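K.L.:
One structure, pasted below without further comment.
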Amino acid sequence: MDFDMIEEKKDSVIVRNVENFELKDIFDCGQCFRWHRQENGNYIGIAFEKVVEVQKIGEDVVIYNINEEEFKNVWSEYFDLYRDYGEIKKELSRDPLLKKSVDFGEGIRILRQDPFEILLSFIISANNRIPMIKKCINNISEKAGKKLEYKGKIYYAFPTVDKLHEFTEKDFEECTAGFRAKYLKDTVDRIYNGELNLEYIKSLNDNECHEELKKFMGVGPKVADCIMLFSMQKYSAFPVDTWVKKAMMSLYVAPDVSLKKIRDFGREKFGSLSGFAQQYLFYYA
């Protein structure tokens with residue numbers, strides 16, 4: 001475990017003496033969309049139908065708005081606190097640039113996010129900008145998500161598939177999904193109707209999991225890798241887009257090939273820890 005113990009306070013939990021845990025590294029490495037740094041330095045986010053605020057003080061991490069039970073059942077897992085990242089970084093250090101990368105983004109951790117929210121969020125992310133992704137997620141949540149209140153302000157949890165199933169393609173378009181509206185509608189309907197089972201897909205091995213995920217409309221290799229890495233703990237994932245291809249041709253002398261071949265190249269290159277390798281590497285780049 002990458003922490004020593006926790007102490008429950010009035011309206012928060014303090015995780016004492018955490019290791020390999022830095023807020024900016026975790027929340028700003030591109031793996032999540034509903035978190036953002038506040039003027040005071042704390043991060044605030046919405047996950048598992050809850051508004052949470054996180055602050056690091058010295059060697060400790062304060063998680064506001066949760067108690068000990070919630071930390072044990074939800075948040076300790078969310079932050080992947082039982083995984084030894086010192087060991088992950090040691091293994092990746094067998095590559096000179098990764099070593100340089102893990103030293104820079106030493107506090108990176110891969111969050112264990114909700115499969116459903118991640119599925120929709122990354123379909124929305126395809127060839128999109130972060131501000132637009134957040135906007136779409138926010139619009140969808142405000143329209144059908146559970147209303148939450150924190151410190152006097154209103155927030156909206158991500159909607160259940162039950163609520164989203166009532167959305168028409170046009171509704172998604174109006175929430176600003178653009179050409180992705182059709183992908184979202186189709187995908188929400190398959191989840192609702194049980195045509196594809198996320199829990200079942202998550203129980204498959206990395207490669208088989210990846211293939212099932214690609215059956216979703218709006219989900220290609222890239223999006224499938226993000227989904228299984230960030231919500232299914234399939235660590236051999238290696239999300240590849242145009243930028244990644246350029247980075248790999250430049251840094252690892254990868255040939256000018258298809259993104260599919262760049263993915264194979266990278267996974268062969270970094271092995272079973274490809275998911276971690278690329279998060280560190282591209283955070284440093």
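By order of appearance in the structure tokens: chains A, B, ..., then residues from 1 within every chain, and ligands from 1 in the order shown.
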Any idea what's packed within 12 Å of residue 143 of chain A, counting only C-alpha atoms, ignoring anything in its chain fewer than 6 positions away? Could you give it as number ranges by chain?
P.N.:
A: 136-137, 155-160, 163-164, 166-167, 171-172, 174-175
K.L.:
Identify, on the basis of only C-alpha atoms, every residue whose closest approach to residue 197 of chain A does not exceed 12 Å; exclude the query and any residue fewer than 5 positions from it along the same chain; express the result as a list in words.
P.N.:
residues 115, 116, 119, 187, 188, 189, 190, 191, 192, 202, 203, 204, 209, 212, 213, 215 and 216 of chain A
K.L.:
Produce a file of the selected residues containing N, CA and C atoms, as a PDB file, in the first residue's frame.
P.N.:
ATOM      1  N   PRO A 115     -16.696   2.220 -15.186  1.00  0.00           N
ATOM      2  CA  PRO A 115     -16.760   1.786 -16.585  1.00  0.00           C
ATOM      3  C   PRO A 115     -17.798   2.526 -17.435  1.00  0.00           C
ATOM      4  N   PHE A 116     -19.028   2.641 -16.941  1.00  0.00           N
ATOM      5  CA  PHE A 116     -20.064   3.318 -17.718  1.00  0.00           C
ATOM      6  C   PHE A 116     -19.739   4.778 -18.035  1.00  0.00           C
ATOM      7  N   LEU A 119     -16.814   4.894 -20.481  1.00  0.00           N
ATOM      8  CA  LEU A 119     -17.211   4.482 -21.823  1.00  0.00           C
ATOM      9  C   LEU A 119     -17.765   5.693 -22.581  1.00  0.00           C
ATOM     10  N   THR A 187     -24.678   3.350 -28.141  1.00  0.00           N
ATOM     11  CA  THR A 187     -23.967   2.741 -27.027  1.00  0.00           C
ATOM     12  C   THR A 187     -24.799   2.677 -25.755  1.00  0.00           C
ATOM     13  N   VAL A 188     -25.489   3.762 -25.434  1.00  0.00           N
ATOM     14  CA  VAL A 188     -26.336   3.775 -24.251  1.00  0.00           C
ATOM     15  C   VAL A 188     -27.416   2.697 -24.385  1.00  0.00           C
ATOM     16  N   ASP A 189     -28.006   2.581 -25.573  1.00  0.00           N
ATOM     17  CA  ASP A 189     -29.040   1.576 -25.794  1.00  0.00           C
ATOM     18  C   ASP A 189     -28.510   0.142 -25.649  1.00  0.00           C
ATOM     19  N   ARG A 190     -27.299  -0.130 -26.135  1.00  0.00           N
ATOM     20  CA  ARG A 190     -26.746  -1.479 -26.001  1.00  0.00           C
ATOM     21  C   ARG A 190     -26.493  -1.831 -24.543  1.00  0.00           C
ATOM     22  N   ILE A 191     -26.035  -0.854 -23.763  1.00  0.00           N
ATOM     23  CA  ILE A 191     -25.780  -1.089 -22.343  1.00  0.00           C
ATOM     24  C   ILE A 191     -27.113  -1.353 -21.647  1.00  0.00           C
ATOM     25  N   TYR A 192     -28.092  -0.489 -21.909  1.00  0.00           N
ATOM     26  CA  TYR A 192     -29.408  -0.615 -21.299  1.00  0.00           C
ATOM     27  C   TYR A 192     -30.038  -1.969 -21.622  1.00  0.00           C
ATOM     28  N   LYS A 202     -15.105  -6.393 -18.465  1.00  0.00           N
ATOM     29  CA  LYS A 202     -14.030  -6.070 -17.536  1.00  0.00           C
ATOM     30  C   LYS A 202     -13.376  -7.322 -16.950  1.00  0.00           C
ATOM     31  N   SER A 203     -14.101  -8.437 -16.945  1.00  0.00           N
ATOM     32  CA  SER A 203     -13.561  -9.673 -16.391  1.00  0.00           C
ATOM     33  C   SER A 203     -12.701 -10.432 -17.397  1.00  0.00           C
ATOM     34  N   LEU A 204     -12.612  -9.929 -18.620  1.00  0.00           N
ATOM     35  CA  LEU A 204     -11.821 -10.599 -19.640  1.00  0.00           C
ATOM     36  C   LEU A 204     -10.370 -10.150 -19.566  1.00  0.00           C
ATOM     37  N   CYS A 209     -10.635  -8.235 -23.797  1.00  0.00           N
ATOM     38  CA  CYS A 209     -11.392  -7.089 -23.308  1.00  0.00           C
ATOM     39  C   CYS A 209     -11.391  -6.001 -24.375  1.00  0.00           C
ATOM     40  N   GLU A 212     -13.792  -6.808 -27.330  1.00  0.00           N
ATOM     41  CA  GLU A 212     -15.204  -6.619 -27.020  1.00  0.00           C
ATOM     42  C   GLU A 212     -15.548  -5.135 -27.019  1.00  0.00           C
ATOM     43  N   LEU A 213     -14.686  -4.324 -26.411  1.00  0.00           N
ATOM     44  CA  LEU A 213     -14.909  -2.885 -26.335  1.00  0.00           C
ATOM     45  C   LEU A 213     -15.062  -2.250 -27.715  1.00  0.00           C
ATOM     46  N   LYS A 215     -16.517  -3.313 -30.164  1.00  0.00           N
ATOM     47  CA  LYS A 215     -17.801  -3.617 -30.783  1.00  0.00           C
ATOM     48  C   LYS A 215     -18.742  -2.420 -30.627  1.00  0.00           C
ATOM     49  N   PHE A 216     -18.428  -1.529 -29.692  1.00  0.00           N
ATOM     50  CA  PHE A 216     -19.254  -0.343 -29.460  1.00  0.00           C
ATOM     51  C   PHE A 216     -19.080   0.671 -30.569  1.00  0.00           C
TER      52      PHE A 216
END
K.L.:
List the neighbours of residue 89 of chain A out to 9 Å using only C-alpha atoms; skip same-chain residues closer than 2 positions along the sequence, and give me the result as a count of residues only.
P.N.:
13
K.L.:
Quick one: DSSP alpha helix (DSSP H) residues in segment 30-279 of chain A, as number ranges by chain?
P.N.:
A: 68-70, 76-78, 85-92, 96-104, 115-125, 130-144, 161-164, 169-174, 181-192, 198-202, 206-213, 221-232, 242-251, 259-270, 274-279
K.L.:
When DSSP works through the backbone of this structure, what residues of segment 111-203 of chain A end up as strand (DSSP E or B), shown as number ranges by chain?
P.N.:
A: 147-150, 153-156
K.L.:
Kindly export the residues of the current selection with N, CA, C and O atoms, as an mmCIF file, in the first residue's frame.
P.N.:
data_model
loop_
_atom_site.group_PDB
_atom_site.id
_atom_site.type_symbol
_atom_site.label_atom_id
_atom_site.label_comp_id
_atom_site.auth_asym_id
_atom_site.auth_seq_id
_atom_site.Cartn_x
_atom_site.Cartn_y
_atom_site.Cartn_z
ATOM 1 N N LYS A 147 -28.899 15.389 -8.579
ATOM 2 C CA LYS A 147 -28.477 16.698 -8.109
ATOM 3 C C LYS A 147 -27.762 16.574 -6.771
ATOM 4 O O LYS A 147 -28.278 15.970 -5.834
ATOM 5 N N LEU A 148 -26.565 17.148 -6.694
ATOM 6 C CA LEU A 148 -25.758 17.107 -5.482
ATOM 7 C C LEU A 148 -25.471 18.526 -5.018
ATOM 8 O O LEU A 148 -25.470 19.460 -5.817
ATOM 9 N N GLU A 149 -25.222 18.690 -3.726
ATOM 10 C CA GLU A 149 -24.892 20.001 -3.199
ATOM 11 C C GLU A 149 -23.657 19.893 -2.318
ATOM 12 O O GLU A 149 -23.551 19.005 -1.476
ATOM 13 N N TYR A 150 -22.706 20.785 -2.546
ATOM 14 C CA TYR A 150 -21.478 20.812 -1.772
ATOM 15 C C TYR A 150 -21.111 22.266 -1.531
ATOM 16 O O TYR A 150 -21.042 23.055 -2.471
ATOM 17 N N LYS A 153 -22.919 25.016 -3.337
ATOM 18 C CA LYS A 153 -23.013 24.967 -4.791
ATOM 19 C C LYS A 153 -23.630 23.664 -5.297
ATOM 20 O O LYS A 153 -23.564 22.626 -4.636
ATOM 21 N N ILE A 154 -24.230 23.738 -6.481
ATOM 22 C CA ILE A 154 -24.892 22.598 -7.096
ATOM 23 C C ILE A 154 -24.030 21.869 -8.119
ATOM 24 O O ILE A 154 -23.419 22.480 -8.989
ATOM 25 N N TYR A 155 -23.997 20.549 -7.997
ATOM 26 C CA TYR A 155 -23.236 19.698 -8.895
ATOM 27 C C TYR A 155 -24.160 18.576 -9.339
ATOM 28 O O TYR A 155 -25.184 18.322 -8.709
ATOM 29 N N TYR A 156 -23.796 17.902 -10.422
ATOM 30 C CA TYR A 156 -24.610 16.824 -10.947
ATOM 31 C C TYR A 156 -23.794 15.563 -11.185
ATOM 32 O O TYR A 156 -22.788 15.585 -11.896
#
K.L.:
One decimal, Å: what's the distance from atom CA of residue 97 of chain A over to atom CA of residue 25 of chain A, could you say?
P.N.:
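Calculated distance between atom CA of residue 97 of chain A and atom CA of residue 25 of chain A is 17.5 Å.
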K.L.:
Would you pick out the contacts of residue 68 of chain A at 9 Å or less, using only C-alpha atoms, so that residues sharing its chain but fewer than 3 positions from it are not included, and give the list as a list in words?
P.N.:
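Contacts, in chain order: residues 6, 7, 8, 9, 12, 13, 71, 72 and 73 of chain A.
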K.L.:
Residues at most 7 Å from residue 15 of chain A, counting only C-alpha atoms, excluding those fewer than 6 positions away in the same chain, as a list in words?
P.N.:
residues 3, 5, 6, 7, 60, 61 and 62 of chain A
K.L.:
Considering only C-alpha atoms, state which residue in the set A:64, A:82, A:282, A:35 is at the smallest distance from residue 151 of chain A.
P.N.:
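Using only C-alpha atoms, residue 151 of chain A sits closest to A:64.
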K.L.:
Would you mind listing what lies within 10 Å of residue 230 of chain A as a VMD selection string, with only C-alpha atoms counted and same-chain residues fewer than 4 positions away left out?
P.N.:
chain A and resid 31 to 32 110 to 115 118 to 119 225 to 226 234 to 235 237 275
